[PDB]
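This is the structure we're talking about:
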């Protein structure tokens, strides 16, 4: 809690606005993503494995398509039924994500509570939109786009399902960010259904942000500490204690 | 309409091809030019609306107004930020393609005057500066280069070789390394 | 050292019995190995002489003072009559590595020389800083 509190206080004091917060490749964002991975790989695979098994097995025979771009649309396919199938399966897995609040792990719940407190310490209004978006930009939608690469599925899905899951990441990111589609013209028919699920996502985000592992392995922190030893004493008795601990241990 | 977007892409081709110009002031102006493209792409709307070079163009804007010096450090920063872009814009794709097309004619007329060598090494630094992301014409350039640094019998001679062992020696994309290694292996 | 006050000279390398003190300080350096001088009863006298003659004289004696301090702490650690607790032995063990540092090489006046024991047994001076004596006395106070 103190560790994440320190780096996230540094991240929110070094951030310019709320709209650019935790949306880059910073160290705090990488630690956010790794905390998501190590506290929710099991929860996310248990939430998404039967749903992807319903999508791949016993749904995908009858030329089901989610291609909603009229430029890339096949002449044998229909835009309206592609949008209908996409909105149906979107409503299903969005409802599953909202209903998965009780199965959410408590350690990552305390992590998101600390994140909520930190963002509320500088952005007291609508901090939860910064909280939920980070859970969708870095945790749920990368596993949605690449389920085989996330370890959720044993193999890669068919490419029509992959296009549907990339559009799933786009639609759910528009849901979680509380921002409608303004860039792509073919994404605009879903704006009403995204607006109808704004507060449904926000209630789950507020439920998560309110209110247990083994020991460390063989990791040699000596190599990380001593290949960068030259300028850590320069950056400002911690340096003296570090030098004594350096002298007490023989370098390999 | 898509026609103004098409003309905008042709403008991006023009800016990318002026990025290797011998005159330092033209490269400085073309580097400073990108803020207008960024703000117009912002007010037509986030980051996906522009082809994802927006943060690298911010870096272009930041380096554009720092310092004016000799051409060597300017070219070095040009190779740095042209390595750093890491995205396949179609304007960028056209930019390395037509410069590679003029590159063969350029090295042909050099093979069969020091300003010509200056713009020549500028073209090498520009083309090796780009990632040239394939995801093959880039391999054609690579085999040309591996056939080139021997440069066994030529009047200018070593001013090729040494410059080459700097330019591919220092200025090359990190994602371009396996192709170079695999070419060196079977040469 | 008590009787040097009768005919005072400011340097203490200028006083008439400087060679006497240097010669008998070499005795303590030789004899300081394995509690061969009893640190369990002569410790406060011994630190007094240590404080009085840091960074004095030629390079060999300056390194000898440092080696004397190291051997004092080492024999203080390895002495069995004192029967210390574990935490005190731990802080002495850290203090040995503290005095081994190049910072204390600078404090004791041996900056150019890599190893004290090499120059100490082999056989123009930089000025003394009094705050260095303050730091050394604070370290010995903490140990004591």
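Residue numbers (the UniProt record's numbering), protein chains in the order written: chain A, 1254 to 1370, 1392 to 1485, 1498 to 1522, 1534 to 1549; chain B, 677 to 721, 727 to 793, 830 to 852, 889 to 940; chain C, 2058 to 2180, 2193 to 2213.
Backbone N, C-alpha and C fix where the C-beta goes; we use that ideal spot for every residue, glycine too.
| request: Find the residues of chain C that neighbour residue 1545 of chain A, judging by a C-beta separation of less than 9 Å, and give them in chain order. | output: Taking the first residue of the first chain as 1, we reach residue 1545 of chain A at position 248. In chain order: 2150, 2151, 2154.
| request: With residue 2084 of chain C as the anchor, note down where its alpha helix (DSSP H) starts and where it stops. | output: Within the third chain, numbered from 1, the residue matching residue 2084 of chain C stands at position 27. 2075–2088 is the extent of the alpha helix (DSSP H) around residue 2084 of chain C.
| Within chain B, the residues that residue 1456 of chain A reaches when beta carbons sit closer than 9 Å | Mapped onto the first chain, residue 1456 of chain A falls at position 182. Chain B residues near residue 1456 of chain A: 721, 727, 730.
| request: Return no unless some Cβ of chain C is closer than 8 Å to the Cβ of residue 1540 of chain A. | output: Numbered from its first residue, the first chain carries residue 1540 of chain A at position 243. Yes, its Cβ sits closer than 8 Å to a Cβ of chain C.
| task | With distances taken Cα to Cα, identify the nearest neighbour of residue 1427 of chain A among A:1299, A:1534, A:1279, A:1258. | result | The residue given as residue 1427 of chain A occupies position 153 in the first chain. Nearest option by C-alpha distance: A:1299.
| Among B:756, B:768, B:897, B:931, which one has its Cα closest to the Cα of residue 699 of chain B? | As a first step, residue 699 of chain B must be located in the second chain, where it is residue number 23. Checking every option, the nearest Cα to that of residue 699 of chain B belongs to B:756.
| 7 Å Cβ shell around residue 742 of chain B - same chain, five flanking residues per side excluded | Start at 1 with the first residue of the second chain, and residue 742 of chain B comes out as number 61. Taken in chain order, the residues that qualify are 710, 711.
| task | Just the chain A side, please: which residues come within less than 9 Å of residue 2158 of chain C by C-beta, in chain order? | result | Locating residue 2158 of chain C in the third chain gives position 101, counting from the first residue. Those are 1537, 1540, 1541, 1544, listed as they occur along chain A.
| request: Tell me where the alpha helix (DSSP H) around residue 2146 of chain C begins and ends. | output: Residue numbering aside, residue 2146 of chain C sits at position 89 when the third chain is read from its first letter. Residues 2143–2156.
| message | Within the continuous alpha helix (DSSP H) that includes residue 1309 of chain A, where are the two ends? | response | Here residue 1309 of chain A corresponds to residue number 56 of the first chain, with the count starting at 1. Run containing residue 1309 of chain A: 1280–1309, per the alpha helix (DSSP H) assignment.
| Does the beta carbon of residue 780 of chain B sit closer than 8 Å to a beta carbon anywhere in chain E? | Protein chains in the displayed structure are A, B and C, and chain E is not among them.
| query | Does the beta-carbon of residue 754 of chain B have 16 or more other beta-carbons within 10 angstroms, so that it is buried, or is it exposed? | reply | Position 73 of the second chain, counted from the start, is the residue given in the question as residue 754 of chain B. By the neighbour-count rule (16 or more Cβ atoms within 10 Å), residue 754 of chain B is not buried but exposed.
| message | As a quick exercise: from A:1396, A:1484, A:1518, pick the residue whose alpha carbon is nearest that of residue 1274 of chain A. | response | As a first step, residue 1274 of chain A must be located in the first chain, where it is residue number 21. Comparing Cα-Cα distances from residue 1274 of chain A to each of A:1396, A:1484, A:1518, the minimum goes to A:1396.
| query | Based on Cα-Cα distance, which residue from B:791, B:789, B:777 lies nearest to residue 842 of chain B? | reply | As a position in the second chain, residue 842 of chain B is number 125, starting the count at 1. For the residues B:791, B:789, B:777, the minimum Cα distance to residue 842 of chain B belongs to B:777.
| field | Straight-line gap, residue 1353 of chain A to residue 1370 of chain A (C-alpha atoms, nearest Å) | value | Taking the first chain and counting its residues from 1, the one referred to as residue 1353 of chain A is at position 100. Taking the first chain and counting its residues from 1, the one referred to as residue 1370 of chain A is at position 117. Using only the alpha carbons, I get a separation of about 23 Å.
| query | Since residue 1427 of chain A is in the alpha helix (DSSP H), which residue starts that stretch and which ends it? | reply | Numbered from its first residue, the first chain carries residue 1427 of chain A at position 153. Careful: residue 1427 of chain A lies outside any alpha helix (DSSP H) and carries neither H nor E.
| request: Compute the Euclidean distance between the alpha carbons of residue 1477 of chain A and residue 1260 of chain A, then round it to the nearest angstrom. | output: Within the first chain, residue 1477 of chain A is the residue found at index 203, counting from 1. Within the first chain, residue 1260 of chain A is the residue found at index 7, counting from 1. Their backbone Cα atoms lie some 27 Å apart in a straight line.
| said: To the nearest angstrom, how far is the alpha carbon of residue 1460 of chain A from that of residue 1324 of chain A? | reply: Here residue 1460 of chain A refers to the residue found at position 186 when the first chain is read from its first residue. Here residue 1324 of chain A refers to the residue found at position 71 when the first chain is read from its first residue. Between residue 1460 of chain A and residue 1324 of chain A, the C-alpha separation is close to 9 Å.
| said: Checking 8 Å against the spacing of the C-beta atoms, do residue 2209 of chain C and residue 2104 of chain C come in under that value? | reply: One-based indexing of the third chain puts residue 2209 of chain C at position 140. One-based indexing of the third chain puts residue 2104 of chain C at position 47. Contact flag set, yes.
| residue 1521 of chain A lies in the alpha helix (DSSP H); which residues open and close that run? | Sequence index remark: in the first chain, residue 1521 of chain A carries index 235 (1-based). Premise fails: residue 1521 of chain A is in no alpha helix (DSSP H) and is neither H nor E.
| request: In the DSSP assignment, find the unbroken alpha helix (DSSP H) run with residue 1260 of chain A in it and report its ends. | output: Within the first chain, numbered from 1, the residue matching residue 1260 of chain A stands at position 7. Segment 1255–1267, the alpha helix (DSSP H) holding residue 1260 of chain A.
| Cut-off 7 Å between Cβ atoms - residues of its own chain near residue 730 of chain B, not counting five sequence neighbours on either side | As a working note, residue 730 of chain B is residue 49 in the second chain. Same-chain partners within the cutoff: 717.
| C-beta atoms of residue 1393 of chain A and residue 1338 of chain A nearer than 8 Å | Sequence index remark: in the first chain, residue 1393 of chain A carries index 119 (1-based). Sequence index remark: in the first chain, residue 1338 of chain A carries index 85 (1-based). It is not a contact, given that the beta carbons lie outside the stated cut-off.
| query | Do you know offhand how far residue 1283 of chain A's Cα is from residue 1359 of chain A's? | reply | Taking the first chain and counting its residues from 1, the one referred to as residue 1283 of chain A is at position 30. Taking the first chain and counting its residues from 1, the one referred to as residue 1359 of chain A is at position 106. For residue 1283 of chain A and residue 1359 of chain A, the distance between alpha carbons rounds to 20 Å.
| task | Return the residue from the list B:934, B:911, B:924, B:932 that minimises the CA-CA distance to residue 765 of chain B. | result | Working through the second chain from its first residue, we reach residue 765 of chain B at position 84. Nearest of B:934, B:911, B:924, B:932 to residue 765 of chain B, Cα basis: B:924.
| request: May I have the straight-line CA-CA distance separating residue 1472 of chain A from residue 1429 of chain A, to the nearest angstrom? | output: As a first step, residue 1472 of chain A is located in the first chain; it is residue number 198 there, counting from the start. As a first step, residue 1429 of chain A is located in the first chain; it is residue number 155 there, counting from the start. Spanning the two alpha carbons is a distance of roughly 33 Å.
| request: Report the rounded CA-to-CA distance for residue 1549 of chain A versus residue 1512 of chain A, giving the unit in angstroms. | output: The count along the first chain starts at 1 and reaches residue 1549 of chain A at position 252. The count along the first chain starts at 1 and reaches residue 1512 of chain A at position 226. Each residue's alpha carbon lies about 11 Å from the other.
| Exposed or buried, residue 2173 of chain C, counting other C-beta atoms within 10 Å across all chains shown (16 or more means buried)? | Residue mapping note: residue 2173 of chain C aligns to position 116 of the third chain, counting from 1. Label assigned to residue 2173 of chain C: buried.
| request: Look at residue 1450 of chain A and residue 2158 of chain C and say whether their C-beta atoms are less than 8 Å apart. | output: Here residue 1450 of chain A refers to the residue found at position 176 when the first chain is read from its first residue. Here residue 2158 of chain C refers to the residue found at position 101 when the third chain is read from its first residue. Going by C-beta atoms, residue 1450 of chain A is not nearer than 8 Å to residue 2158 of chain C.
| message | Between which two residues does the alpha helix (DSSP H) holding residue 743 of chain B run? | response | Within the second chain, numbered from 1, the residue matching residue 743 of chain B stands at position 62. Start and end: 735–745.
| said: Taking its Cβ as the centre, do 16 or more other Cβ atoms sit within 10 Å of residue 1266 of chain A, making it buried, or is it exposed? | reply: One-based indexing of the first chain puts residue 1266 of chain A at position 13. When all chains shown are included, residue 1266 of chain A counts as exposed.
| said: Suppose you measure from the CA of residue 781 of chain B to the CA of residue 840 of chain B; what does that come to, to the nearest Å? | reply: Mapped onto the second chain, residue 781 of chain B falls at position 100. Mapped onto the second chain, residue 840 of chain B falls at position 123. Answer to the nearest angstrom: the Cα atoms are 9 Å apart.
| request: Kindly indicate the opening and closing residues of the alpha helix (DSSP H) around residue 686 of chain B. | output: On the second chain, position 10 is the one that residue 686 of chain B refers to. Taken as a continuous stretch (DSSP letters only), the alpha helix (DSSP H) holding residue 686 of chain B covers 678–694.
| field | CA nearest to the CA of residue 2156 of chain C, picked from C:2080, C:2079, C:2109, C:2211 | value | Counted from its first residue, the third chain places residue 2156 of chain C at position 99. Nearest option by C-alpha distance: C:2211.
| task | Output the boundary residues of the alpha helix (DSSP H) element that contains residue 781 of chain B. | result | For the purposes of this step, residue 781 of chain B is taken as residue 100 along the second chain, with counting starting at 1. Residue 781 of chain B -> alpha helix (DSSP H) spans 771–792.
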